[PDB]
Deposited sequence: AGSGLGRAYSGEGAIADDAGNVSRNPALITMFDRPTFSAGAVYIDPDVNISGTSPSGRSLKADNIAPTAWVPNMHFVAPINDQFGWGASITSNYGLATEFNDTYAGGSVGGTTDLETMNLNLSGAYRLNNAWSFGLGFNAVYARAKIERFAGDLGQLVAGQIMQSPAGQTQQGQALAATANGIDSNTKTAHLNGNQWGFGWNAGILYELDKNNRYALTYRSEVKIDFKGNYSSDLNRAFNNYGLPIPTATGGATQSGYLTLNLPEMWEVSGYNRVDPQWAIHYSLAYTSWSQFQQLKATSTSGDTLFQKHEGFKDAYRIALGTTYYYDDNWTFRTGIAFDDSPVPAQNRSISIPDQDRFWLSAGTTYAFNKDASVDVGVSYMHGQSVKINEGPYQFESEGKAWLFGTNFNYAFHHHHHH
């Protein structure tokens, strides 16, 4: 969602320099004087690459299986009265794109895999005094799932096996291996695609030690989406912002998620306010995988990944400004043993992001 991309999303739940954050922590609403609006997008360009071979001897190599993506974000925030404020946003919190050929040998465990999420958020917060503040949010999730699968060298495998058995010596015995082996890769073995809505509620608590230092604890509820039933995980997060100097600040957060398996994310970053116009941000983060070294899938790319980030912010003048963010993710090369297959998945990625914000 913009600036956050250049800070590796470090302390997203305590930073308040632009309305983007309210969607991450509703309590942060009591942090804005005048209505603020921000919009933009993040262009996502991956590089997932499966490798290795099959017991069929056929290649299980698949270059670039993760498509590019453009992700929009739009946040609006405004005060109501000295003790209340409200806000809305349109973003995306989950997704996933994977595409192999339909003739791929592991076609059964790696056909087409799409999943887009649109989160519609509305929420409010109440300021309890100079220090504490609290927020509650409702969420609308539009999910579009697409899941294709074929039988790669499956019939061959079935067949080669048979050929190692007595039924080998004919009598509808060899005709068998043949019939199995005479099965096309592109023989679609699974096509489920649908659209449905999800509903969840998130909340937050914002504690500030002063206009220069604050901490937080946010909570994101699980969201079940029924088509097959897809569950977006519930989340917990703690973040801190320290305005250590007029020109230097620090932000960091620890996030926890339990996919009813579980994983965590850690990020630390620092911004620098050179002057009234310019602002600079750097960030590092690591998100530990929620999937056991044996329950992975070349289909769903994820794996202990790291993040390097850098963003900049030009303020045209007191009311408006634009954010530009860069972010590179490198992935730990792993070993997957899905089905009768065994692959190897590497994958890095680049993120470009821009956002313009305006005050009324």
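Stretches of the deposited sequence left without coordinates are 228 to 258, 292 to 313, 414 to 419, in sequence order.
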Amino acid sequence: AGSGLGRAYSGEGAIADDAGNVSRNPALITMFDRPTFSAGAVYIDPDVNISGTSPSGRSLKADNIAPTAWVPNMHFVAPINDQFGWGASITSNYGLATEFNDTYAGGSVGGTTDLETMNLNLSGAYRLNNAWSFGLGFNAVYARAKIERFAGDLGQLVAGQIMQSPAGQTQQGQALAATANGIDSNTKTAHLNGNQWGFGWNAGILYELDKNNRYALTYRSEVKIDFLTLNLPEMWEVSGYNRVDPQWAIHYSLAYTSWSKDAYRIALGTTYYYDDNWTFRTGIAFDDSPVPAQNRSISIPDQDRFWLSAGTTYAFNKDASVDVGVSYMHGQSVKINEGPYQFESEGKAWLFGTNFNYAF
From here on, numbers count along this sequence of modelled residues.
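Once the C-alpha B-factors are averaged per stretch, 114 to 122 and 160 to 168 rank with 160 to 168 first.
Per the PDB record, of the two stretches 145 to 153 and 232 to 240, 145 to 153 carries the greater mean B-factor over its C-alpha atoms. Within the listed group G194, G135, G107, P72, the record reports its top CA B-factor for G194. When the C-alpha B factors of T30, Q332, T68, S38 are read from the deposited coordinates, the top value falls at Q332.
In the PDB entry, a CA B factor belonging to the highest third of its chain's modelled residues is recorded for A293. Ranked by Cα temperature factor within the chain, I50 sits in the middle third according to the deposited record. Among the modelled residues of its chain, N81 has a C-alpha B-factor that falls in the highest third according to the deposited record. Per the deposited record, the Cα B-factor of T279 falls in the middle third when ranked against the other modelled residues of its chain. When the CA B factors of the chain's modelled residues are split into thirds, the value for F306 lands in the highest one.
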